[PDB]
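> The structure under discussion is supplied below as structure tokens; questions concerning it will follow.
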Amino acid sequence: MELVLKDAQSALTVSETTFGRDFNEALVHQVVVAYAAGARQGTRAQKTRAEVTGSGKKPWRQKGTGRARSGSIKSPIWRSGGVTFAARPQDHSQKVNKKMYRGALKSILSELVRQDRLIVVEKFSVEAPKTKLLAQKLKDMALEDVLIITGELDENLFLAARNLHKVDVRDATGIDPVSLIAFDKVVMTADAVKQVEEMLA
Amino acid sequence: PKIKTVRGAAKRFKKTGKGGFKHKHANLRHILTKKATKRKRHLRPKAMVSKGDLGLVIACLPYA
Amino acid sequence: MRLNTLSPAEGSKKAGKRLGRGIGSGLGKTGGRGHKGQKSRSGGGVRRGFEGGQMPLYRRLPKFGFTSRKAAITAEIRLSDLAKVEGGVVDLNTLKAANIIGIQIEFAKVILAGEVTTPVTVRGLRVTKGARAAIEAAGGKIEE
Amino acid sequence: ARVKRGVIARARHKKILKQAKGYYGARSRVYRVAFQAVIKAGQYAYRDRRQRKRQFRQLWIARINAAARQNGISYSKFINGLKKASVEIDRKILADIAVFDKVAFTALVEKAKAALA
RNA sequence: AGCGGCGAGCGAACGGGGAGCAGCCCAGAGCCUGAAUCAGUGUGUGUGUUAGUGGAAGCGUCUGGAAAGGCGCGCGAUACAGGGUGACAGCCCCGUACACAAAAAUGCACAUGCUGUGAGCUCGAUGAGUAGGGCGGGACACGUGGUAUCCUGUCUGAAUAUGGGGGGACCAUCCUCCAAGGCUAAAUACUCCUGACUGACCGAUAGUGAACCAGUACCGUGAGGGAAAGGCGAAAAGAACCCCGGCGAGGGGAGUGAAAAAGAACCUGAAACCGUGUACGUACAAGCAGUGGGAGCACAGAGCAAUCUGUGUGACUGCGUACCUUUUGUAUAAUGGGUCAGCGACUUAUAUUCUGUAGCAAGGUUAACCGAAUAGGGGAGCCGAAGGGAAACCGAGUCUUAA
Ligand SMILES: [K+]
Ligand SMILES: [K+]
Ligand SMILES: [K+]
Ligand SMILES: [K+]
Ligand SMILES: [K+]
Ligand SMILES: [K+]
Ligand SMILES: [K+]
Ligand SMILES: [K+]
Ligand SMILES: [K+]
Ligand SMILES: [K+]
Ligand SMILES: [K+]
Ligand SMILES: [K+]
Ligand SMILES: [K+]
Ligand SMILES: [K+]
Ligand SMILES: [K+]
Ligand SMILES: [K+]
Ligand SMILES: [K+]
Ligand SMILES: [K+]
Ligand SMILES: [K+]
Ligand SMILES: [K+]
Ligand SMILES: [K+]
Ligand SMILES: [K+]
Ligand SMILES: [K+]
Ligand SMILES: [K+]
Ligand SMILES: [K+]
Ligand SMILES: [K+]
Ligand SMILES: [Mg+2]
Ligand SMILES: [Mg+2]
Ligand SMILES: [Mg+2]
Ligand SMILES: [Mg+2]
Ligand SMILES: [Mg+2]
Ligand SMILES: [Mg+2]
Ligand SMILES: [Mg+2]
Ligand SMILES: [Mg+2]
Ligand SMILES: [Mg+2]
Ligand SMILES: [Mg+2]
Ligand SMILES: [Mg+2]
Ligand SMILES: [Mg+2]
Ligand SMILES: [Mg+2]
Ligand SMILES: [Mg+2]
Ligand SMILES: [Mg+2]
Ligand SMILES: [Mg+2]
Ligand SMILES: [Mg+2]
Ligand SMILES: [Mg+2]
Ligand SMILES: [Mg+2]
Ligand SMILES: [Mg+2]
Ligand SMILES: [Mg+2]
Ligand SMILES: [Mg+2]
Ligand SMILES: [Mg+2]
Ligand SMILES: [Mg+2]
Ligand SMILES: [Mg+2]
Ligand SMILES: [Mg+2]
Ligand SMILES: [Mg+2]
Ligand SMILES: [Mg+2]
Ligand SMILES: [Mg+2]
Ligand SMILES: [Mg+2]
Ligand SMILES: [Mg+2]
Ligand SMILES: [Mg+2]
Ligand SMILES: [Mg+2]
Ligand SMILES: [Mg+2]
Ligand SMILES: [Mg+2]
Ligand SMILES: [Mg+2]
Ligand SMILES: [Mg+2]
Ligand SMILES: [Mg+2]
Ligand SMILES: [Mg+2]
Ligand SMILES: [Mg+2]
Ligand SMILES: [Mg+2]
Ligand SMILES: [Mg+2]
Ligand SMILES: [Mg+2]
Ligand SMILES: [Mg+2]
Ligand SMILES: [Mg+2]
Ligand SMILES: [Mg+2]
Ligand SMILES: [Mg+2]
Ligand SMILES: [Mg+2]
Ligand SMILES: [Mg+2]
């Protein structure tokens with residue numbers, strides 16, 4: 001497959017199985033949902049009837065008073081009582097098969113190419129770690145909401161992108177499916193493209 | 001936790017190739033003189049578990 | 001392809017039953033448990049193998065047999081396994097190195113299952129009659 | 001994810017109580033009683049869509065009988081006469097004519113009598 | 001695997017993958033000597049901790065009580081974390097990124113002093129009421145069992161390196177280790193307490209019992225038990241003064257405010273429940289109180305008119321014994337509910353099987369762990385491609401049987 005560079009007006013050769021495969025929406029959906037589940041902290045609890053503070057005294061005798069029978073002041077039927085099925089901290093992460101993760105990434109990148117959201121450049125850098133320089137460069141290339149994948153993380157570029165909230169900067173080994181879908185455009189350097197090709201085989 | 005095998009069932013049933021269970025026949029432990037040789041001979045080979053009992057056996061033997 | 005335009009496959013995500021939520025759900029009130037008895041109760045039910053008190057099947061039948069320690073250290077090898085080892089000589093060590101048999105296997109037997117198409121030398125294993133014919137026909141040899 | 005029930009519960013109870021307007025006492029004020037009254041009203045209405053057809057046919061028949069006997073013939077003979085004359089006007093219309101156009105009704109009676117003779 | 005009224009249940013090890021890793025001393029004399037190693041006490045060098053310092057960049061106009069909002073044109077960003085300001089602020093304020101700071105005390109890591117300690121070589125020595133045994137118990141996954149092994153209340157009792165322990169009854173052989181003296185970091189467990197940060201956690205009947213002067217009020221001889229109770233406004237500008245009233249309570253004006261049915265019994269202000277006003281019905285009429293039919297009256301529209309329609313009421317009339325539960329069967333004189341509002345019951349973890357769906361496919365998949373990594377590594381393992389037989393064993397066959 002041939003991807004046309006934007007800044008050099010040349011062509012780059014990439015694997016058809018990586019950048020030109022069909023979109024498998026069900027597979028991509030599973031991987032994206034598992035990513036969001038992996039982000040969950042799962043930190044919470046309530047108190048069961050065993051953990052509410054109070055004594056185990058029977059509130060009133062089983063029979064004779066004319067009241068419904070009571071056994072615990074901590075009954076979940078009662079105000080101030082326990083929570084019937086009180087939560088505990090949970091681990092929400094899902095397993096994703098290695099081959100399914102890689103397959104989802106290939107589908108996503110191929111869809112980006114088909115939708116013309118993947119832009120390949122020879123180089124992407126700024127002279128100084130200044131937010132204004134990166135803003136001007138993105139304005140020149142007509143980019144607003146963009147994920148930039150470089151072969152080597154340029155410190156100046158990373159620092160310049162920190163305070164721009166529509167813009168993210170990563171190395172090739174740090175790409176993730178949700179970011180690839182979520183940003184309006186994806187800019188990759190040629191070195192990053194080669195690295196991604198090798199990573200996905 | 002892991003389900004626990006009913007060890008007593010594991011001592012009396014074995015799973016066969018298509019997934020049934022073979023077992024040893026009852027009535028061949030003792031009181032043998034009064035039983036006909038034909039009856040005892042037909043009790044010697046192992047048999048398969050019946051359809052109505054397969055569910056109970058399977059419940060007892062999750063790792064069979 | 002956006003975070004709000006992805007859908008799961010049809011049939012992949014059946015909703016769970018929610019008991020005790022009204023007539024229209026079909027599981028209101030008793031929640032499918034029927035009326036009364038031990039099986040309608042919280043924590044209710046009888047243990048595995050219970051039959052109501054009649055001597056259960058797993059106790060009216062007799063125990064049989066013994067378990068052999070030597071079977072636990074004996075393995076079987078397929079013909080298709082022969083080409084998977086490293087070097088063309090098949091023995092206990094090379095099978096273990098190729099992950100065909102477990103580390104504590106002391107005895108192995110090659111059986112006629114699958115095919116062998118390359119010459120191999122089998123050393124120190126037992127070979128079935130059919131497997132020996134297949135190995136020799138493929139051009140290998142068997143050494144005791 | 002704790003869910004408070006108040007907004008939805010209020011809407012449901014309010015729907016029922018709105019259907020209960022005009023009912024007596026607790027039947028228009030108290031959710032437990034209003035709910036039973038709304039259900040029973042629905043059951044009666046289902047039953048009485050069927051009853052309404054019966055009661056109106058019964059009324060039309062009674063009026064036709066009166067008009068026919070004013071004209072000298074019973075209801076049953078009048079109906080048999082119309083059937084023998086191949087007249088297919090139904091009882092709703094025959095009762096309407098009996099009340100509003102007595103001359104036309106007399107003409108129908110004459111047709112029935114001629115068919116019977 | 002085994003243990004087990006072989007019931008209910010209990011449940012290893014060998015071996016493999018990882019984290020972490022470290023070895024020493026006494027039972028003693030001579031030589032050589034004060035030599036490593038730790039422990040303590042000073043002294044310096046770094047590096048934290050305990051106060052702190054600087055920290056970018058916005059105006060005009062519309063709505064409005066008030067602008068941070070709309071519209072227009074600018075500017076900072078290694079700072080668009082977060083909080084506040086009369087509504088939603090990168091540029092008003094406090095911060096934030098970043099860059100700096102310690103008289104004094106103190107933690108850690110090095111370096112360097114002083115004190116104790118001994119380092120190395122040779123020759124020796126090698127833990128006795130002990131091991132083992134009998135009796136009674138206990139611990140071992142192992143319930144006395146064919147029961148090794150460990151501990152010892154009781155009674156006994158070796159060999160000691162040419163010797164002894166173990167290898168699951170026991171013997172022989174072989175292999176392996178050296179009890180009856182002791183020290184030892186790391187990988188592991190926990191959080192009363194301190195700081196920072198986070199949450200598909202709660203949001204006043206919830207969340208701590210306790211958002212509030214709560215382990216209080218109150219209860220109990222005592223141990224002990226144990227509540228309820230949050231919100232005016234942006235700002236008190238918290239209502240000067242007048243009037244009725246007991247120099248009251250309460251209210252009406254006035255004034256403040258965007259708003260006072262925001263006036264402190266204060267945001268919003270539900271429902272049960274209780275009133276005032278209007279329309280219609282109702283004092284000859286028998287019952288789950290509705291429903292089907294339906295006159296008259298009132299009302300709002302429309303129409304030139306005739307009159308029609310929507311709303312309220314409902315004389316008269318057909319039909320008509322609530323709901324839940326439990327039951328063969330309930331108007332049942334069987335059960336439960338005085339009413340409202342709020343809360344109140346099939347969940348969570350792991351294992352296993354079946355269905356759906358997705359990936360890969362005769363293969364599929366990794367666990368702990370490593371990694372800064374939702375990547376990548378890690379295939380230890382687990383399931384599957386072969387079964388038969390109690391088993392040895394044989395194997396697309398095998399078992400049965402002399403066949
Ligand atoms: K950024
Ligand atoms: K059921
Ligand atoms: K009311
Ligand atoms: K039992
Ligand atoms: K266990
Ligand atoms: K403005
Ligand atoms: K702000
Ligand atoms: K023993
Ligand atoms: K002894
Ligand atoms: K020995
Ligand atoms: K309490
Ligand atoms: K409370
Ligand atoms: K108000
Ligand atoms: K309030
Ligand atoms: K009020
Ligand atoms: K009378
Ligand atoms: K009317
Ligand atoms: K009626
Ligand atoms: K009931
Ligand atoms: K009952
Ligand atoms: K009964
Ligand atoms: K009773
Ligand atoms: K009841
Ligand atoms: K399941
Ligand atoms: K499946
Ligand atoms: K045979
Ligand atoms: Mg609570
Ligand atoms: Mg992984
Ligand atoms: Mg026997
Ligand atoms: Mg049903
Ligand atoms: Mg019931
Ligand atoms: Mg019953
Ligand atoms: Mg039942
Ligand atoms: Mg229970
Ligand atoms: Mg292996
Ligand atoms: Mg909430
Ligand atoms: Mg009302
Ligand atoms: Mg062993
Ligand atoms: Mg500043
Ligand atoms: Mg204005
Ligand atoms: Mg302004
Ligand atoms: Mg406001
Ligand atoms: Mg505000
Ligand atoms: Mg010794
Ligand atoms: Mg002893
Ligand atoms: Mg002994
Ligand atoms: Mg003993
Ligand atoms: Mg014992
Ligand atoms: Mg011993
Ligand atoms: Mg021994
Ligand atoms: Mg052992
Ligand atoms: Mg000892
Ligand atoms: Mg800690
Ligand atoms: Mg803390
Ligand atoms: Mg509370
Ligand atoms: Mg509230
Ligand atoms: Mg006053
Ligand atoms: Mg108001
Ligand atoms: Mg407010
Ligand atoms: Mg209020
Ligand atoms: Mg009200
Ligand atoms: Mg009157
Ligand atoms: Mg009257
Ligand atoms: Mg009466
Ligand atoms: Mg009607
Ligand atoms: Mg009646
Ligand atoms: Mg009747
Ligand atoms: Mg009865
Ligand atoms: Mg009845
Ligand atoms: Mg009664
Ligand atoms: Mg009753
Ligand atoms: Mg009862
Ligand atoms: Mg009652
Ligand atoms: Mg369930
Ligand atoms: Mg087999």
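Each chain of the structure tokens is named A, B, ... in the order shown, its residues numbered from 1; ligands are numbered from 1 in display order.
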What residues of the protein or nucleic acid chains come within 10 Å of ligand 21 when you use only C-alpha atoms (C1' of nucleotides) and all ligand atoms? Reply as a PyMOL selection string.

chain E and resi 326-327+334-335

> Could you take the residues named above and write them with C-alpha atoms (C1' of nucleotides), as a PDB file, in the first residue's frame?


```pdb
ATOM      1  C1'   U E 326     -53.355 -18.316  50.853  1.00  0.00           C
ATOM      2  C1'   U E 327     -56.042 -21.944  48.821  1.00  0.00           C
ATOM      3  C1'   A E 334     -59.790 -16.151  56.483  1.00  0.00           C
ATOM      4  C1'   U E 335     -54.647 -12.858  56.262  1.00  0.00           C
TER       5        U E 335
END
```

> With 12 Å as the cut-off and only C-alpha atoms counted, what is the closest atom pair between each nearby residue of chain A and chain D? Distances in Å to one decimal, ordered by chain and number, as JSON lines.


```
{"residue": "A:42", "atom": "CA", "partner": "D:1", "partner_atom": "CA", "distance": 11.8}
{"residue": "A:44", "atom": "CA", "partner": "D:1", "partner_atom": "CA", "distance": 10.5}
{"residue": "A:45", "atom": "CA", "partner": "D:1", "partner_atom": "CA", "distance": 11.6}
{"residue": "A:46", "atom": "CA", "partner": "D:2", "partner_atom": "CA", "distance": 11.2}
{"residue": "A:83", "atom": "CA", "partner": "D:2", "partner_atom": "CA", "distance": 11.5}
{"residue": "A:86", "atom": "CA", "partner": "D:2", "partner_atom": "CA", "distance": 11.6}
{"residue": "A:87", "atom": "CA", "partner": "D:1", "partner_atom": "CA", "distance": 10.6}
```

> Could you dump the residues just selected with C-alpha atoms as a CSV table (one decimal), in the first residue's frame?


```
chain,number,residue,atom,x,y,z
A,42,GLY,CA,-13.5,0.7,41.5
A,44,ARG,CA,-16.2,2.2,47.0
A,45,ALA,CA,-18.0,0.4,49.8
A,46,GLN,CA,-21.1,0.5,51.8
A,83,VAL,CA,-27.3,-2.0,52.8
A,86,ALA,CA,-23.3,-3.5,50.2
A,87,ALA,CA,-20.7,-2.9,47.7
```

> Counting only C-alpha atoms (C1' of nucleotides), a student should be able to say which residues of chain E come within 12 Å of chain C; what is the right answer, written as an MDAnalysis selection string?

chainID E and resid 1:2 6:8 14:16 324:327 345:347 355:358 362 379:381 385:387 389:397

> Counting only C-alpha atoms (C1' of nucleotides), collect the residues of chain A whose closest atom lies at most 8 Å from chain E, and write them out as a ChimeraX atom specification.

/A:26-27,35,38-45,53-55,76-80,85,87,97,99-100,129-132,159-160,162-165,173-175

> Just N, CA and C atoms for this one: save the residues we selected as a short mmCIF file (atom, residue, chain, number, x, y, z; two decimals), in the first residue's frame.


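Final output, saved to out.cif:
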```cif
data_model
loop_
_atom_site.label_atom_id
_atom_site.label_comp_id
_atom_site.auth_asym_id
_atom_site.auth_seq_id
_atom_site.Cartn_x
_atom_site.Cartn_y
_atom_site.Cartn_z
N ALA A 26 -17.42 -4.99 15.50
CA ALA A 26 -17.70 -5.71 16.74
C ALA A 26 -16.42 -5.93 17.54
N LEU A 27 -15.34 -6.29 16.85
CA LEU A 27 -14.05 -6.46 17.50
C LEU A 27 -13.54 -5.14 18.09
N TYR A 35 -10.95 -1.12 27.16
CA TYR A 35 -10.05 -0.04 27.55
C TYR A 35 -10.70 0.87 28.59
N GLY A 38 -10.79 -0.82 31.86
CA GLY A 38 -9.47 -0.78 32.48
C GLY A 38 -9.16 0.54 33.14
N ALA A 39 -9.82 1.62 32.71
CA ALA A 39 -9.58 2.91 33.37
C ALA A 39 -10.28 3.05 34.73
N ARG A 40 -11.24 2.19 35.04
CA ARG A 40 -12.04 2.35 36.25
C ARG A 40 -11.21 2.08 37.50
N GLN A 41 -11.46 2.86 38.54
CA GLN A 41 -10.78 2.70 39.82
C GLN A 41 -11.48 1.70 40.73
N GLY A 42 -12.81 1.64 40.69
CA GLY A 42 -13.55 0.67 41.48
C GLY A 42 -13.41 0.80 42.99
N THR A 43 -13.21 2.01 43.50
CA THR A 43 -13.01 2.23 44.93
C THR A 43 -14.31 2.72 45.55
N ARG A 44 -14.99 1.84 46.28
CA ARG A 44 -16.17 2.24 47.01
C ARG A 44 -16.53 1.12 47.96
N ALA A 45 -17.39 1.43 48.92
CA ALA A 45 -17.99 0.41 49.76
C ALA A 45 -19.23 0.99 50.42
N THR A 53 -22.57 0.34 62.83
CA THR A 53 -22.26 0.45 64.25
C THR A 53 -23.53 0.37 65.08
N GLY A 54 -23.51 -0.48 66.10
CA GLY A 54 -24.67 -0.73 66.94
C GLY A 54 -24.49 -2.07 67.62
N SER A 55 -25.43 -2.38 68.51
CA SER A 55 -25.32 -3.63 69.26
C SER A 55 -26.26 -4.69 68.69
N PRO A 76 -31.55 -4.20 57.07
CA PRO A 76 -31.70 -3.29 55.93
C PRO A 76 -33.11 -2.79 55.73
N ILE A 77 -34.11 -3.40 56.36
CA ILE A 77 -35.45 -2.83 56.29
C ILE A 77 -35.49 -1.49 57.03
N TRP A 78 -34.61 -1.30 58.01
CA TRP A 78 -34.70 -0.15 58.91
C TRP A 78 -33.93 1.07 58.42
N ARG A 79 -34.48 2.26 58.69
CA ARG A 79 -33.69 3.49 58.57
C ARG A 79 -32.46 3.33 59.45
N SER A 80 -31.32 3.78 58.95
CA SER A 80 -30.00 3.64 59.56
C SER A 80 -29.47 2.22 59.51
N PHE A 85 -27.15 -5.49 49.86
CA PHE A 85 -25.98 -6.09 49.22
C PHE A 85 -24.90 -5.02 49.06
N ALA A 87 -21.77 -2.73 48.58
CA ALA A 87 -20.67 -2.88 47.65
C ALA A 87 -19.34 -3.03 48.40
N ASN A 97 -7.66 -10.69 24.41
CA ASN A 97 -6.68 -11.55 23.78
C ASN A 97 -5.67 -10.69 23.02
N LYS A 99 -4.19 -11.24 20.19
CA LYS A 99 -4.51 -11.15 18.77
C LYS A 99 -5.73 -10.27 18.53
N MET A 100 -6.68 -10.25 19.47
CA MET A 100 -7.82 -9.35 19.29
C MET A 100 -7.41 -7.89 19.47
N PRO A 129 10.75 24.83 23.09
CA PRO A 129 9.57 24.37 23.83
C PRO A 129 8.60 25.50 24.12
N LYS A 130 7.96 26.03 23.09
CA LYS A 130 7.02 27.13 23.22
C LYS A 130 5.67 26.72 22.66
N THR A 131 4.62 26.92 23.46
CA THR A 131 3.27 26.56 23.01
C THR A 131 2.88 27.33 21.76
N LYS A 132 3.29 28.59 21.67
CA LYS A 132 2.91 29.42 20.53
C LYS A 132 3.45 28.87 19.22
N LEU A 159 6.63 19.34 25.54
CA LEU A 159 6.43 20.51 26.38
C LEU A 159 5.53 21.53 25.69
N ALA A 160 5.74 21.73 24.38
CA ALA A 160 4.93 22.69 23.65
C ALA A 160 3.48 22.26 23.54
N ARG A 162 1.83 20.36 25.89
CA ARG A 162 1.17 20.13 27.18
C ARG A 162 -0.07 21.00 27.38
N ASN A 163 0.02 22.30 27.13
CA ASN A 163 -1.06 23.20 27.48
C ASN A 163 -2.11 23.36 26.38
N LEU A 164 -2.00 22.64 25.27
CA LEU A 164 -3.02 22.63 24.22
C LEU A 164 -3.90 21.40 24.43
N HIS A 165 -5.16 21.63 24.79
CA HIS A 165 -5.98 20.51 25.25
C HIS A 165 -6.56 19.68 24.11
N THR A 173 5.16 3.50 20.57
CA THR A 173 4.86 2.40 21.47
C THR A 173 3.75 2.74 22.46
N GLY A 174 3.34 4.00 22.55
CA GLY A 174 2.30 4.42 23.46
C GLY A 174 0.94 4.67 22.86
N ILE A 175 0.70 4.26 21.61
CA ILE A 175 -0.62 4.46 21.02
C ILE A 175 -1.64 3.56 21.71
#
```

> DSSP says strand (DSSP E or B) for which residues of segment 38-138 of chain A? Put them as an MDAnalysis selection string?

chainID A and resid 118:121

> Given a cut-off of 8 Å, which residues of chain D touch chain E, counting only C-alpha atoms (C1' of nucleotides), written out as a list in words?

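Per the criterion, chain D yields residues 1, 6, 24, 30, 36, 37, 40, 41, 44, 45, 48, 49, 51, 52 and 55 of chain D.
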
> Could I get the residues of chain E with an atom no further than 12 Å from an atom of ligand 48, each paired with its nearest atom pair and that distance in Å to one decimal, using only C-alpha atoms (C1' of nucleotides) and all ligand atoms, sorted by chain and residue number, as JSON lines?


```
{"residue": "E:136", "atom": "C1'", "partner": "ligand 48", "partner_atom_place_in_ligand_line": "1 (Mg)", "distance": 9.7}
{"residue": "E:137", "atom": "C1'", "partner": "ligand 48", "partner_atom_place_in_ligand_line": "1 (Mg)", "distance": 6.3}
{"residue": "E:138", "atom": "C1'", "partner": "ligand 48", "partner_atom_place_in_ligand_line": "1 (Mg)", "distance": 5.5}
{"residue": "E:139", "atom": "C1'", "partner": "ligand 48", "partner_atom_place_in_ligand_line": "1 (Mg)", "distance": 7.6}
{"residue": "E:140", "atom": "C1'", "partner": "ligand 48", "partner_atom_place_in_ligand_line": "1 (Mg)", "distance": 9.8}
{"residue": "E:142", "atom": "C1'", "partner": "ligand 48", "partner_atom_place_in_ligand_line": "1 (Mg)", "distance": 11.4}
{"residue": "E:143", "atom": "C1'", "partner": "ligand 48", "partner_atom_place_in_ligand_line": "1 (Mg)", "distance": 9.9}
{"residue": "E:144", "atom": "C1'", "partner": "ligand 48", "partner_atom_place_in_ligand_line": "1 (Mg)", "distance": 8.4}
{"residue": "E:147", "atom": "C1'", "partner": "ligand 48", "partner_atom_place_in_ligand_line": "1 (Mg)", "distance": 11.7}
{"residue": "E:150", "atom": "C1'", "partner": "ligand 48", "partner_atom_place_in_ligand_line": "1 (Mg)", "distance": 11.0}
{"residue": "E:151", "atom": "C1'", "partner": "ligand 48", "partner_atom_place_in_ligand_line": "1 (Mg)", "distance": 10.3}
{"residue": "E:152", "atom": "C1'", "partner": "ligand 48", "partner_atom_place_in_ligand_line": "1 (Mg)", "distance": 11.4}
```

> Distance limit 9 Å, reference ligand 14, atoms considered: only C-alpha atoms (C1' of nucleotides) and all ligand atoms. Which residues make the cut? Give them as a PDB file with N, CA, C and O atoms (P, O5', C5', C4', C3', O3' and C1' of nucleotides), in the first residue's frame.


```pdb
ATOM      1  P     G E 231     -30.400  24.863  58.176  1.00  0.00           P
ATOM      2  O5'   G E 231     -29.738  25.146  56.755  1.00  0.00           O
ATOM      3  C5'   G E 231     -28.579  25.968  56.635  1.00  0.00           C
ATOM      4  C4'   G E 231     -28.489  26.622  55.275  1.00  0.00           C
ATOM      5  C3'   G E 231     -29.716  27.438  54.873  1.00  0.00           C
ATOM      6  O3'   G E 231     -29.333  28.592  54.135  1.00  0.00           O
ATOM      7  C1'   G E 231     -29.336  25.724  53.278  1.00  0.00           C
ATOM      8  P     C E 266     -38.787  27.857  58.685  1.00  0.00           P
ATOM      9  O5'   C E 266     -38.526  29.047  57.667  1.00  0.00           O
ATOM     10  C5'   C E 266     -37.469  29.008  56.731  1.00  0.00           C
ATOM     11  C4'   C E 266     -37.432  30.306  55.967  1.00  0.00           C
ATOM     12  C3'   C E 266     -36.460  30.392  54.801  1.00  0.00           C
ATOM     13  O3'   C E 266     -37.048  29.889  53.624  1.00  0.00           O
ATOM     14  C1'   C E 266     -36.305  32.352  56.144  1.00  0.00           C
ATOM     15  P     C E 267     -36.485  28.610  52.843  1.00  0.00           P
ATOM     16  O5'   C E 267     -35.281  29.232  51.996  1.00  0.00           O
ATOM     17  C5'   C E 267     -35.491  30.415  51.199  1.00  0.00           C
ATOM     18  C4'   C E 267     -35.070  30.120  49.784  1.00  0.00           C
ATOM     19  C3'   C E 267     -36.071  29.277  48.988  1.00  0.00           C
ATOM     20  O3'   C E 267     -37.095  30.093  48.438  1.00  0.00           O
ATOM     21  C1'   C E 267     -33.868  28.409  48.717  1.00  0.00           C
ATOM     22  P     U E 268     -38.622  29.605  48.335  1.00  0.00           P
ATOM     23  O5'   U E 268     -38.552  28.365  47.326  1.00  0.00           O
ATOM     24  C5'   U E 268     -38.348  28.600  45.918  1.00  0.00           C
ATOM     25  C4'   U E 268     -38.105  27.252  45.299  1.00  0.00           C
ATOM     26  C3'   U E 268     -39.266  26.276  45.487  1.00  0.00           C
ATOM     27  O3'   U E 268     -40.173  26.327  44.397  1.00  0.00           O
ATOM     28  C1'   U E 268     -37.212  25.237  46.109  1.00  0.00           C
ATOM     29  P     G E 269     -41.646  26.949  44.556  1.00  0.00           P
ATOM     30  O5'   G E 269     -42.468  25.901  45.460  1.00  0.00           O
ATOM     31  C5'   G E 269     -42.246  24.487  45.289  1.00  0.00           C
ATOM     32  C4'   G E 269     -42.314  23.815  46.638  1.00  0.00           C
ATOM     33  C3'   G E 269     -43.588  24.117  47.453  1.00  0.00           C
ATOM     34  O3'   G E 269     -44.225  22.930  47.923  1.00  0.00           O
ATOM     35  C1'   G E 269     -41.673  24.290  48.775  1.00  0.00           C
TER      36        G E 269
END
```

> Name each residue within 10 Å of ligand 54, counting only C-alpha atoms (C1' of nucleotides) and all ligand atoms, as a PyMOL selection string.

chain E and resi 191+193-196

> I need the chain B residues near chain C as a PDB file with N, CA and C atoms, in the first residue's frame; criterion: at most 6 Å, counting only C-alpha atoms.


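That gives us out-v9.pdb:
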```
ATOM      1  N   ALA B   9     -17.896 -40.272  44.641  1.00  0.00           N
ATOM      2  CA  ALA B   9     -18.351 -40.556  43.286  1.00  0.00           C
ATOM      3  C   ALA B   9     -17.170 -40.815  42.365  1.00  0.00           C
ATOM      4  N   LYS B  11     -14.638 -42.358  43.124  1.00  0.00           N
ATOM      5  CA  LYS B  11     -14.156 -43.719  43.312  1.00  0.00           C
ATOM      6  C   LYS B  11     -15.021 -44.765  42.620  1.00  0.00           C
ATOM      7  N   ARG B  12     -16.145 -44.378  42.024  1.00  0.00           N
ATOM      8  CA  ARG B  12     -17.115 -45.343  41.528  1.00  0.00           C
ATOM      9  C   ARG B  12     -17.536 -45.121  40.086  1.00  0.00           C
ATOM     10  N   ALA B  26     -23.740 -53.388  41.111  1.00  0.00           N
ATOM     11  CA  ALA B  26     -24.079 -53.832  42.450  1.00  0.00           C
ATOM     12  C   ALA B  26     -24.373 -55.335  42.468  1.00  0.00           C
ATOM     13  N   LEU B  56     -27.181 -36.567  38.034  1.00  0.00           N
ATOM     14  CA  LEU B  56     -26.613 -36.656  39.378  1.00  0.00           C
ATOM     15  C   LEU B  56     -25.113 -36.939  39.317  1.00  0.00           C
TER      16      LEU B  56
END
```

> At a cut-off of 8 Å and counting only C-alpha atoms (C1' of nucleotides) and all ligand atoms, what residues surround ligand 63? Please answer as a ChimeraX atom specification.

/E:283-285

> With C-alpha atoms (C1' of nucleotides) retained, export the selected residues as a PDB file, in the first residue's frame.


```
ATOM      1  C1'   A E 283     -83.787  16.376  52.444  1.00  0.00           C
ATOM      2  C1'   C E 284     -89.563   9.597  49.314  1.00  0.00           C
ATOM      3  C1'   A E 285     -84.099   7.640  49.290  1.00  0.00           C
TER       4        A E 285
END
```

> Which residues are close to residue 7 of chain C, i.e. within 12 Å by only C-alpha atoms (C1' of nucleotides), leaving aside same-chain residues fewer than 5 positions away? Reply as a ChimeraX atom specification.

/A:24-33 /C:1-2,12-13

> Write out as a ChimeraX atom specification all residues of chain A that backbone DSSP assigns to helix (DSSP H, G or I).

/A:16-19,25-38,98-115,131-140,155-161,172-174,177-182,190-200

> Which protein, DNA or RNA residues have an atom within 8 Å of ligand 2, counting only C-alpha atoms (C1' of nucleotides) and all ligand atoms, as a PyMOL selection string?

chain C and resi 31-34

> Residues at most 9 Å from residue 61 of chain A, counting only C-alpha atoms (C1' of nucleotides), excluding those fewer than 3 positions away in the same chain, as JSON, numbers by chain?

{"A": [58, 64, 65, 69, 70, 71]}
